[PDB]
Every structure is written in structure tokens, then in C-alpha cells.
There are 4 protein chains.
Amino acid sequence: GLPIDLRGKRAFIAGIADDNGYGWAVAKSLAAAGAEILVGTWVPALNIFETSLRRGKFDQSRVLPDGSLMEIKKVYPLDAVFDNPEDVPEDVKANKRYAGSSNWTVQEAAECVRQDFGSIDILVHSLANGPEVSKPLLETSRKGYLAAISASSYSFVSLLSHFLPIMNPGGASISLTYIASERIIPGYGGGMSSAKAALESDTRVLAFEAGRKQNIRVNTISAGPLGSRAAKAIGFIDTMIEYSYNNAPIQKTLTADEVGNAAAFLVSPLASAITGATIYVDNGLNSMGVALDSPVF
Amino acid sequence: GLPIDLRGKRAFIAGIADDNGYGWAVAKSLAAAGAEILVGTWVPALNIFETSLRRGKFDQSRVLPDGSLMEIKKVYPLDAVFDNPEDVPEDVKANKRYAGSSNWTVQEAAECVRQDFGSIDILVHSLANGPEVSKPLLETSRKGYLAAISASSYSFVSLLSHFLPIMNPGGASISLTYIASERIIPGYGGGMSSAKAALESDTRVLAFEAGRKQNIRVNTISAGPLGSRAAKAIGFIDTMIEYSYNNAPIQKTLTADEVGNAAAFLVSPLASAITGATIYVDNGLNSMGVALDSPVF
Amino acid sequence: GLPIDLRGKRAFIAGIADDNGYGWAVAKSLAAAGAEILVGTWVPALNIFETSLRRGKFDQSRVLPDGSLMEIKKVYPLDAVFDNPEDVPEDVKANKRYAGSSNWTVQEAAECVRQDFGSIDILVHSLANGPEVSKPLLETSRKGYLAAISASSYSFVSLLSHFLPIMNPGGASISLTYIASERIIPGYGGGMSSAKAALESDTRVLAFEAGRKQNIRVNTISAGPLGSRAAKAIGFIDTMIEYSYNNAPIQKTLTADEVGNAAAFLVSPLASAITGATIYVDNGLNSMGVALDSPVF
Amino acid sequence: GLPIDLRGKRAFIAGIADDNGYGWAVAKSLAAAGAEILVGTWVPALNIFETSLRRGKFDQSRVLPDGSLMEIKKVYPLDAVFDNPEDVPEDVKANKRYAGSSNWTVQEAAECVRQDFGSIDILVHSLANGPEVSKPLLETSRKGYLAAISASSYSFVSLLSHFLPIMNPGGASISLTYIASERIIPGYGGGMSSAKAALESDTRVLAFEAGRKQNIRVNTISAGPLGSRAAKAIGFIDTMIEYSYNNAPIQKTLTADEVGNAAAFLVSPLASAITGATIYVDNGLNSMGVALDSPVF
Ligand SMILES: NC(=O)c1ccc[n+]([C@@H]2O[C@H](COP(=O)([O-])OP(=O)(O)OC[C@H]3O[C@@H](n4cnc5c(N)ncnc54)[C@H](O)[C@@H]3O)[C@@H](O)[C@H]2O)c1
Ligand SMILES: NC(=O)c1ccc[n+]([C@@H]2O[C@H](COP(=O)([O-])OP(=O)(O)OC[C@H]3O[C@@H](n4cnc5c(N)ncnc54)[C@H](O)[C@@H]3O)[C@@H](O)[C@H]2O)c1
Ligand SMILES: NC(=O)c1ccc[n+]([C@@H]2O[C@H](COP(=O)([O-])OP(=O)(O)OC[C@H]3O[C@@H](n4cnc5c(N)ncnc54)[C@H](O)[C@@H]3O)[C@@H](O)[C@H]2O)c1
Ligand SMILES: NC(=O)c1ccc[n+]([C@@H]2O[C@H](COP(=O)([O-])OP(=O)(O)OC[C@H]3O[C@@H](n4cnc5c(N)ncnc54)[C@H](O)[C@@H]3O)[C@@H](O)[C@H]2O)c1
Ligand SMILES: Oc1cc(Cl)ccc1Oc1ccc(Cl)cc1Cl
Ligand SMILES: Oc1cc(Cl)ccc1Oc1ccc(Cl)cc1Cl
Ligand SMILES: Oc1cc(Cl)ccc1Oc1ccc(Cl)cc1Cl
Ligand SMILES: Oc1cc(Cl)ccc1Oc1ccc(Cl)cc1Cl
């Protein structure tokens, strides 16, 4: 009697290249709520994505609670680091991948969606990129840092800015952030922490700008590490999954649907009084003041 | 395809005395999602509440989206400032109101629910009280301040503590707070600001205690002022409704269902990864750094 | 050329019973900056304190950088849980300790200082007490919780409220809090976490009330665990000292003067633009997002 | 008896081009505490600065409490948007201003200080720049936004990274931020809000990196609007000065020394337990929950 009803709504999801990330999960959730799904796929990944999708490689991942399979109405190539055609270096233009497709700058993708569907109700940003992520900040170059900011923070400003004209009032956008913006997380380097802090601050500022301008709500979800525990935690994400499992207020893993479900709620009319917010979907880790697994205890 | 499904779940809502507050709205929301509703009504208010309910006075307020009317399975008298019978002063015991009913201490109400239904899945705290609320802190007495804390913060600890034994794991609780705990709001006096700060801190602590103990999630909603604008804003709440309307990132009022809908989501399985959180359902006011209506602008 | 100059200023320090806590350290700091020191000693502790002080037991602890020894102008008995004489139970009045001294309620101590010195410039609150501190919140009684709040949070409101009339404008107060108010710290039980959250919220509210009323600044210091490492960390504080040492942005212990020095700065005219603030003097622990000593790393 | 003693310490202050900003005030404060002052002046401003300094134009501004005048040991040209010579476009290299001086990239200035003095104890960052600051975020270009980030956030990472090798352990750095990073402040556009959020997040991360690496403390001061009230507030800063005056917990203006004094304390040994912190020196504005001057009240 209380459904998250997105029927008749259209969502553009930026950042889906496979079925293993949060982007896929949000899409599944919105599709379960009834939304029409449009996807923005990073150019270099476009081919394998469309092909696997075609060969039925993601079919098990497309199954909705309903039992039916999720439908992706259209996949759009996109490279969110470029706003307009004149911004692309021939160096890039000339790469085979970018060579093989077109209309992938933000301005172009937005015009194609306008031409193809005329309007959208929901904008989901689920992308990030940072070439020097494995370096400490003291060792990150200016180019590396600006690259992280450009792909992970400004890309949101650009997408929203370019899609705003076709977003129906009462619509919403959501992005994904991570706690490294507010607390020290060694290993999340290369200015990615910096980028998440900018994205969260922009979320607030854009809630005011877009809110007053078109009645669009803007929020971000600070998500925990995604996945189940590794047989042998090695690598940044594996160790974080284990750490969160041992140390959160509630001991359990985090599954992608958990984030997808929160996002679906946040972009629905049920969330009408929520905007400019940072919602933690991380098993309550962020609230803990000490690690329960420290050997001192 | 994405419903907030609470069918087969039972909720005990503490703090409903009429249909004009947030308590009523949360109940409506949970009832729309399919939950069985039990209500805790403050002793002195019990009579007029049950009577108006009986005369059909709240019928228009009971209408669910469904078109059907909300059913309150049972109303329990309750006074959350008293944990057990031996805690009550004969002075109180002897008052006609308290005289007219029984089993109203927290320990007693919990045993009655156990006897009557055996278990519950959701605990909603929607109550507060503060005798010196109109006084600045510099003028609030020790008794007044402790009274606000006892009824508005400790009452949550007591309810959760007494109901925990009958809460099915995977269950959840939710309370309502207000921004005066974190920022200065002149006029919210008598230690009520103090009480909301304690309630929010306890929410975090209890998410860990109850989370690890019984897999129960615990969150609080920081709500905005409830109601539409007054013809002539006079009084603390009227002026705050107008201030929020003029100054929030999105200009609109806040209706009770807006909070009820967020609560319904938060206590559902869809919110499984969210606990120890303070969720703002206030049109994004809290994020603003300046009042847009200040005459300097 | 830039001295923290408190010469000609008078400070009343509530909460000194020995030379091992933060209260003693703040007094030392203020005394080094030139302030006249008045002390509020908890009644039951009064005797051993004055006696040890007299026998020269604290002499090594009184040595100022200057080489000279700190002078305590006057020790006042005090019990900050009682505002006025009529508030004391004969049960308490009759105890030998309370029996042996007088003028120890907040209202009385304030009148004595007025009679003795006429005015003060600085108010330091360095006290706390919580009978059920070793119990989890789920096991804390209403009386235990209210007792923690009454002695650890409301006592500040009372002292400030009673001393405000004799505080010279441009004066300041400072209290000590702890991170358990904002983050989950297992082991800081009995409502002490709740009390620290109320104290921090009251700090903000009182900065506005006292600021506008008498140009008095009000801030609180969120301090880390005090002391060097135990040979064998056992007990809440020992383990926390070790945890902070291993996990803070800068690896070192925290000494009492470190907090005393920050307090001296905060109550001086140099801090004229700082009020309603929570200053962390904890080696930057609070900023960390993960424990570096978790075995997963 | 409690002096902020910086005698024998050397400070490099990046961002002084005149005597009207916070940079000048921090320098004055450090000079009053006894530090040897080195200044980093933005290339295009270098000439008028050195000349006015020479003609005694800033003499009244150089007067220390002491009565003596502040001495600037050496002015270094600097452009913090360029890390190394190969990073500069001939387009810039060729401009007369950049043409007239040398050794102004971050790497070069750091080597000159090393050659000239060998080491420093304190690093002060007091600079920012944002070409599109007057535009809302929805209208800011990718280049404009990245430019703000590059000059206002990454410049700090670069300076610290390049000076770290010559900073004596136990040293400290301080930067200046503004609340627009955490709350919505209409008018602080062009990604400057984004840049301040990144700078604050980097402050935390660098407190860990530099703290563990060389025992260097890193903090930032969130300052209020600088200056007294305008006869007619027009322009972003004038209106903000008036707004803060009317709305802060304590009604008064903010003078540059107020910030300079806090900075001097923060970079001194007295602040040894403080790192990764955001200290508000803004008359407590940030704590307010509503504007007292809103017409609704
Ligand atoms: N994975 C986690 O544990 C976790 C935790 C917190 C936040 N997040 C955030 O969630 C979002 C999704 O990350 P994920 O973990 O699902 O990984 P993912 O690789 O599935 O998602 C990142 C996506 O960004 C896309 N992308 C990269 N550069 C792009 C560009 N220039 N243009 C267009 N698309 C580009 C990739 O193709 C990819 O689909 C990110 O914002 C990430 O920071 C992830
Ligand atoms: N109304 C608002 O604008 C607003 C904004 C933020 C938060 N809130 C919070 O929402 C909750 C609900 O408030 P509301 O505005 O709906 O008002 P309300 O009067 O409808 O709710 C308060 C309830 O507390 C009950 N109550 C008081 N003392 C009690 C006691 N000793 N034992 C048992 N019940 C007792 C009353 O009977 C009443 O039903 C409170 O926690 C309040 O602080 C309200
Ligand atoms: N010790 C730490 O590691 C630490 C860390 C953070 C905060 N703090 C805070 O610092 C303050 C000082 O604590 P401390 O550790 O120095 O211990 P302490 O025992 O030296 O200080 C507490 C003081 O409170 C006094 N006191 C207790 N009940 C009182 C009453 N009813 N009336 C008057 N005085 C009373 C005691 O006599 C004692 O002097 C407290 O507020 C505490 O919460 C301490
Ligand atoms: N002025 C205020 O009210 C206020 C309030 C909060 C924070 N702040 C912050 O205080 C710091 C100082 O600002 P201010 O108001 O004193 O103004 P200011 O103009 O005195 O300081 C900014 C300085 O940055 C320098 N600068 C700009 N681009 C540079 C570059 N590429 N390389 C080297 N130097 C460059 C300028 O030459 C100038 O000296 C900034 O970080 C600002 O954001 C100012
Ligand atoms: O933000 C994240 C946080 C976590 Cl715990 C795990 C993955 C994350 O996502 C990214 C991190 C860095 C880069 Cl370069 C790209 C992405 Cl998608
Ligand atoms: O918390 C509240 C906040 C707002 Cl804006 C309006 C009403 C609120 O609710 C209360 C406030 C004080 C007392 Cl004594 C009782 C209640 Cl129910
Ligand atoms: O607040 C504190 C925090 C820490 Cl880590 C250590 C001691 C503290 O101080 C107290 C804690 C509880 C009680 Cl009952 C009394 C006091 Cl003085
Ligand atoms: O940060 C600031 C905040 C305020 Cl209230 C006033 C001035 C500030 O400083 C700047 C703001 C924008 C740019 Cl482009 C450069 C500088 Cl120095």
C-alpha cells in the first residue's frame, strides 16, 4: 500500500559498464520501481558492455523481484570528462574506441536524450576515476589530482547542468560518495578524497540552485565498501569489507541492492522533503568512535 | 514493483494523542505499508483520544491512499516518564486520570503487549515534553531541565530497553529529533535542545548496543516545523514554518506524510544498511549557511 | 611579544580535587598566564585536598615554567548537583563530610565569591560524575542516567547562570567534553555519552545567551585520554591511551598541559572571535576514519 | 608567563600582496611572537608590493604591540598554480610580469628558501583565486572550476609537499578556509565552495601523512568576513560583514588580528595536541540555526 512508484518516470544512469557496481544496482532498483532506464556507458567500455548484454551475459543480474528481467531502454556512449566536442584532443578523438562511436561528450549525450525522449525525471551519477588513486596526497601530481576532480566531481556539475533543461520539475538526482571526504582513510589517494569532499559540498550547493530553479531535489549517498569478504583480503576494497564487517554497529556485509533500494527511495516522490543531504548506507560504520578489533581491546 | 512492504509486521507507536502530530502520520504510513498498529497514548490524554476515535472524529484523517481507513489494533495508556509501578508518586497515582486506567508504566505496557501479541517488529518514539520550554537556558531550573531530558530522551532508552526482549531480530526503531540539538535556535528552551542532543547521541550508541545484541536498526529523523503558514505568524512554530518556507533550498511547506513516508522507509527491510543515522526531512534547511530573507540581502 | 596575558584576571575553577586531572592543568596554565586562581572542590574531597596542599604534597605539581609555584588564592567547597540550600536532602546535609563545611551549594559558593572578590573573568568547568558509567545504556536506570546529566551537564548551566552576574563582560568560560557524545565509544556508559552531548549543545546555546547578554564567550574542549601508556593496559582509560597512541595522525601521548595550554588560549582576549566552539585537543584522533592497528591491515 | 614563543622559528607565508588581507595579519602575529618572516608574493603583484613596502607605505600596518615594526626578512615571487618550470606556458613565461622575475614556480621557490635559509618551521597558506567566482555552479565551466581548485586547494598540497623536506619536525602549517565548504552560501561561486571543501578534507589527510612522516601538525581556520561595516553594504563581502554582525552569537566585527592571533597559537608548540582540525574564528556564526534578522521574527 506504500510503493516506491516510479512508473511513467524516466532515469538516465551515468556510470554503468558492467553488472558488478553500484550503478547497475541503482538501475535495477529503479527498474523494479517502474522507471524507464537510459544508460550512459564510458566510451572505452561501451563495446564489451553492449556485447555481453546482447549475448545474455547479464541475464541472471537482470532478474527483478518481479521475476521479470530489467530492460535497458537505450545505452548512450559517454565520456563525462568532456563537455563539448571542441574540448576533445584529436589525440583522444583519434583513439579507436572514441573513434568507433559518437555523440559522447556531455553536451551531445544530453541533446540525444532530448531528441530521443524529450525529458527525464531522474539523474543518477555513479562514476569516478582517478589515475593516481594509489598514491598518497603528498605524492600526487597536480594533473593527477585535477583529473580525479574533473572526472569524479565536476562531471556531476556538468551532467546536471546539461540535463537540467530537460528535467521535469519534481525530479531528482543522486550521486555516490564515500567517507574519505570527511575522515582519514589511508589508501584512498590521488585526490579522490578531495574529489568526494567537493562532490558532497556541490550536492548542497546544487540542491539550492536546482531546487530554487526547477524544483529538483539533489542528494548523495555515502556508501560502504561493496562485496562479500575475500578468502584472503588483499587490496584496498577487500580489507575494507572485512574491517567494516568486524567493526560496524551491525555485523553484516553490504550488498549492492541495499544501496540501490536507498537510491530508489531518495529519487521518489516519497522523499519529497529531503534534499542537499548526505545519507549514509554503510551499516552505521561512520558512527563508530573506535575499531572494536583493535588489539588493545 | 518496489513496495515498502511491512505486511505481517507489528509496530508500537509511542506518542499519539490526536491526528495532528508526526506520530499520527508515521502510523498512517506504516498502516499504508501493511503494518499492524499498536498505540501508546499518554494517560492524561487517553480519554479524549479514544472517544474522538470512537465518535469517528478522526475518520477523514484515517483515510489511506488505498481509500480504506487506518485501523488502530489497540490503544495502550502510557506515561513514559515512569518505568515501573514503584516509581510513581501516590501524588500522581491518585490523580483522577492516572486513577482511571492502569498498566501505564513502561515496564507494564511492555508486559501487556507481550501478553497480547507476543512480539513487535517496529518501535516508533514520537514524544517529548518540557515544562520550561519557553525559558532560556540561563533561566531554566535543574528540575525543569531534568524533566525535559527524562521525558524526551531517557523515555526512548526505556522503551527500547523494555521492548527489546520482544522485538524480532531484523526489526527497527525510529525517533524524531530537531536541529536545535546541533545549532542555536532561540525559543526552543527549557533544556529541550539539550534533550534532543542526548536523544541523537543515544541513537548512535543504541544502534551499536541493540545492533550487536539483536540485529535491531536504530535511527532518528531530524524533522522541520510541521504545518502550513499562519495568516499571522505568532508563536514559535508559526514563525518557524514561515522562516523555513522562505529560506529552504526548495520553497514548500512540510506535510506530516513527508515525515511519515521517510519513517516508513527507514523501518523497512529496504533500509537494511542504515542504522545510527540522523536523517534530515526538513526541505534541506539545515544545509543553508545564511537566511535568504535577511534584510542585508 | 605575543603573550597569553591574563594578569589582573580572576578565574574560578570548578572540579579540582587533586593534581592528576585536567582541572589542575588548566589552573596551572591560567596561573602561568597571570590569573588569580579560585578553586571549587567537591565536598567529600575537600579535606584530603586542602591537607595535601598544606603538607606540600603537590609542590612539585605547582611548579610553573617561571620556576615559581602556583598559588591557589582560595579553595571553596562545592557540590554542583545542588543549586540552593533547600535542594539538599537532610540525608546529605547530615553526612559528616557535608556536615563539616558550609556554603557549598552553587548559589552559596557564588555569593561567597561575590562577597570575597566581587567579580571574576573566567569560569572553568572541569567536572563530571556518573554512578552507572560502567553499564551499557540498555542497562542504565533512569536515576543513573539523570544523575550523570545532572552532575555533568546541568552543573555547567547552573554555574554559569549563578556566576554570570559577577562576570566582567569580555570574560569567558570553558568546559571539557569527550568524543563519546558524537561517536560510539563502547565502555563510556551510564548516560555519560548522553551528558557530554547535552554539554556540547548547551555550549552553543549559552554562547548565544551569554554572548548577547554580557559579551561572555563560551567554548568546550573535546579532550583525548589523559596519561602515558600503562605497562599493561587494563581498564577503560589505559586501553584508550594505547589506542590513541597507535591510531592518531601524530603518534604521541597527550599530557595535561597540552589541554591546559589550549584552555588558557581559549579564555584569553587573543581568542576574542571564538565562541560556541568544540575544539579537539586529542592528537587529531577524531579525524581518523579507520584504526591503523586493525588486524585486517 | 605563558607566551606564544616562536623565537628562533622561521615562517614562510604564501599569499601576501598588501596589508589588507589575512596573510598580512598572520605575519604580524607571528612576527610579534618572534618568528623570522619570509613572504611568497604572487608574481603579478610583486612590484607594487615591494615598492609600497620600500616607500614606507605599509609602515603604520607594520607596527607591533611591542611598538616596533614588523620585519619581512625576504619576499619571494611565487605563482602557486605552477609546480615546475616545465609546467609554464610560454604564453605566461612571456608576460612582462612573469618576464621580470624568476624562480617563481613552487619547486623553485622551495629550492631558493633551502639555499637561503636551509629550513623553516611554519608554513602559512593564505591564498585563493577563482576566475568564475561570481557565477553560480550551474553556470561555471569546467576550466573555471578546475582553476579555482588548482589555485585554492592543490596549491596547498604542492607547497606542503615541496617544503616538507626542509621543515623541521615539530613544525606546523595552517591554511584559511570558509564555511561555504559545509553550508550553502549563495554568491561564493565558480567552484570556490568546492575548493574550500577539498582544502578542508586535504587538511585532515595531510595531518595524517605529514604527521606520521615528519611530526608536522596541519590545521585550517574557517574565518568570518573580514572588515568593518560599509556605509552602504553592496557587494558580497560588505553584505556578509553586516549579516554576521547582526546574526552572530556575539555582536561585533572581526578584525584581521583576531585571525592572526588564532593562527599564531595554532602553529606554536602550545598547540601540540591539535592537528587535522577546522577551527572557526567567526564570532560563532557557524553555530547559529536561524538568522535573528529574518523579518519573520
Ligand atoms: N565500490 C565501492 O565499494 C564504493 C563505495 C563508495 C562509493 N563508491 C562510488 O560509487 C560510484 C560507482 O563506483 P563502483 O564501485 O560501482 O565502480 P564501477 O567501476 O562500477 O563504477 C565507476 C564507473 O565510472 C565509469 N567511468 C569512469 N570514468 C568515466 C568517464 N570519464 N566517463 C564516464 N564514465 C566513467 C566507469 O566506466 C565505471 O562504470 C563511484 O562514484 C564510487 O566512488 C563505490
Ligand atoms: N511538531 C514539529 O514541528 C516537530 C519538529 C521536529 C520534531 N518534532 C518532534 O516530533 C515528536 C512529536 O511531536 P509533535 O509535534 O507531533 O507533537 P504531539 O503533541 O503530537 O506529540 C508529542 C506527544 O508526546 C506525548 N507525550 C508527552 N508527554 C508524554 C509522557 N510523559 N508520556 C507519554 N507520552 C507523552 C503527548 O501526549 C503527545 O502525543 C516530538 O519528539 C517532537 O520533538 C516535532
Ligand atoms: N581524564 C580524561 O582522560 C578526560 C578525557 C576527556 C574529558 N575529560 C573530562 O575532563 C573533566 C575532568 O575530568 P578528569 O579526568 O580530570 O578527572 P577528575 O576526577 O580530576 O575530575 C572530575 C572532577 O569532578 C569532581 N566532581 C565530581 N562530582 C562533583 C560534584 N557533584 N560537584 C563538584 N565536583 C564534582 C571531582 O571531585 C573531580 O575533581 C571531566 O569533565 C571529564 O569528563 C577527561
Ligand atoms: N577575506 C575574507 O573575508 C576571508 C574569509 C574567509 C577566508 N578567507 C581566505 O583567506 C585567504 C586570504 O584571503 P584574503 O581575503 O586575505 O585576500 P587577499 O587577496 O589578501 O589574499 C589572497 C591572496 O592570494 C594571492 N594569490 C592569488 N592567486 C595566487 C597564485 N596563483 N599564486 C600565488 N598567490 C596568489 C593574491 O595575490 C592574494 O595575496 C584565502 O584563502 C581566502 O579564501 C578570506
Ligand atoms: O569510491 C570508492 C570507494 C571504495 Cl571503498 C571503493 C571503490 C570506490 O570507487 C572508486 C574509487 C577510486 C576510483 Cl579511481 C574509482 C572508483 Cl569507481
Ligand atoms: O521538537 C519540536 C520542534 C518543533 Cl519546531 C515544534 C515542536 C516540537 O515538539 C515539541 C517541542 C517542545 C515540547 Cl515541550 C514538546 C514537543 Cl512535542
Ligand atoms: O570524560 C572522560 C573521558 C575519559 Cl576518556 C576519561 C575520563 C573521563 O572523565 C570521566 C568519565 C566518567 C565519569 Cl563518571 C567521570 C569522569 Cl571525570
Ligand atoms: O574565501 C573568502 C571568503 C570571503 Cl567571505 C571573502 C573573501 C574570500 O576570499 C576569496 C574568495 C574568492 C576568491 Cl576568487 C579569492 C579570495 Cl582571496
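Residue numbers start from 1 in every chain, and the chains themselves are labelled A, B, ... in the order their sequence lines are given, proteins ahead of strands. Excluded from the calculations below are hydrogen atoms, water molecules and symmetry mates; all remaining heavy atoms, backbone and side chain alike, are included.
- Scanning residues 288-297 of chain B against chain C with a 4.5 Å heavy-atom cutoff picks out nothing at all.
- The contact between B/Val157 and chain C is made entirely by side chain atoms (from C-beta outward), counting heavy-atom distances below 4.5 Å.
- Neither the backbone nor the side chain of C/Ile185 comes within contact range of chain B; no heavy atom of the residue lies under 4.5 Å from a heavy atom of that chain.
- Here B/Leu137 is the residue among B/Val81, B/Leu137, B/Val205 with the most heavy-atom pairs under 4.5 Å with chain C.
- Here the closest heavy-atom approach between residue C/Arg142 and residue B/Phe82 is recorded as NH2-N, 4.3 Å.
- When C/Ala198, C/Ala207, C/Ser201, C/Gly191 are compared by the number of non-hydrogen pairs under 4.5 Å with chain B, C/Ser201 comes out ahead.
- Contact of B/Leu199 with chain C is not made at all, since no heavy-atom distance falls under 4.5 Å.
- Nearest approach of C/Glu182 to B/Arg204, heavy atoms of both residues: O-NE, 3.1 Å.
- The closest side-chain heavy-atom distance from C/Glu209 to B/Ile184 is not below 4.5 Å.
- Interface remark: B/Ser158 contributes side-chain atoms only to the contact with chain C (heavy atom separation under 4.5 Å).
- Most heavy-atom pairs under 4.5 Å with chain C: of the set B/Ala210, B/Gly189, B/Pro186, B/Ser153, this distinction falls to B/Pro186.
- Nearest heavy-atom pair across B/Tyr154 and C/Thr140 is OH-O, 2.7 Å.
- Atoms OG and CD, from B/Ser181 and C/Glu200 in turn, are 11.5 Å apart once rounded to the nearest 0.5 Å.
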